[PDB]
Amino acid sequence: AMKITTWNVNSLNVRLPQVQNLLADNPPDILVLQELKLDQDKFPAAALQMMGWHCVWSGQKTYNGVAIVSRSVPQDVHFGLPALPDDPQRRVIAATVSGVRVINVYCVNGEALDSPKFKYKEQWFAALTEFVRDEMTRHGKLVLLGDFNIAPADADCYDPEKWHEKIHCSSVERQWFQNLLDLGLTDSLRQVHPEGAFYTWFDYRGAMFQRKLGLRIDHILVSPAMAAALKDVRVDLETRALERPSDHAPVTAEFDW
């Protein structure tokens, strides 16, 4: 049995009490975080270590930031993407926890399709694809998870016509997501729930969460051996409903052996 959770916290300094409540009440074996928004030396390691968790993280000031939190020691920690060595943005950290290779990604948002950040998103997803491909030659049990900032299909967007060829929903972004699936990875939540709306992000503006209008952009992609052990995937909307929430909801995948 194994329980893994991904959560974009949108600044861990703000969301730390909710992260700790998440770890005490129904704990996962592994919790990965995105957008820590704090430098390498500002991570709250002591607060999480005192509760019995091992922490590895990659941080920078103000932006980005990724972390892996587990009860067992995370081994062979890799930082970044080898095909993109000069990129200072801290978006990728990978470690092996209990025989499972965990790759935590805070994928590039892109801002808009005509934004220079969209070409950066293009290069970045190309660099990510080569990294996961090389990693998958070594680890039969592998999980690529995090904030992909890509809604895979129209069932993952509350208004597909309004979002036609818009950021997160464009057909080229959906090809990049498909390029990751073509490595042998499974959209774990669509294997459990082939149909229905399972949005993970709700815009802060216009009370979009109360209207239940959002996107599914936080995913858990698993290798064939992990897919055969998959039993459930859920989106935790209770946490999204808390006072002063993150705009993302946590996603938890459960495996058995």
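In this text, residue numbers run from 1 along the sequence as written.
Mean Cα B-factor comparison, 190 to 198 or 61 to 69, giving the higher one as deposited: It is 190 to 198.
If you average the CA temperature factors over each stretch, which comes out higher, 87 to 95 or 171 to 179? Comparing averages over the C-alpha atoms only gives 171 to 179.
Which of these has the highest Cα B-factor in the record: 54, 42, 37, 205? Among 54, 42, 37, 205, the highest C-alpha B-factor in the entry belongs to 205.
Among 134, 111, 122, 147, which carries the highest Cα B-factor? Among 134, 111, 122, 147, the PDB entry lists the largest C-alpha B-factor for 134.
Lowest, middle or highest third: where is residue 221 by C-alpha B factor in its chain? Middle third.
State the tercile, meaning the lowest, middle or highest third, of residue 230 with respect to the CA B-factors recorded for its chain. As the PDB entry reports it, the C-alpha B-factor of residue 230 lands in the highest third of its chain.
For the chain shown, is the CA B-factor of residue 118 in the lowest, middle or highest third of its modelled residues? Middle third - that is where residue 118 ends up once the chain's C-alpha B-factors are sorted.
Among the chain's modelled residues, which third holds the C-alpha B-factor of residue 100? For residue 100, whose C-alpha B-factor we compare with every modelled residue in the chain, the answer is the highest third.
Please place residue 16 in the lowest, middle or highest third of its chain by C-alpha B factor as given in the entry. It falls in the middle third of the chain.
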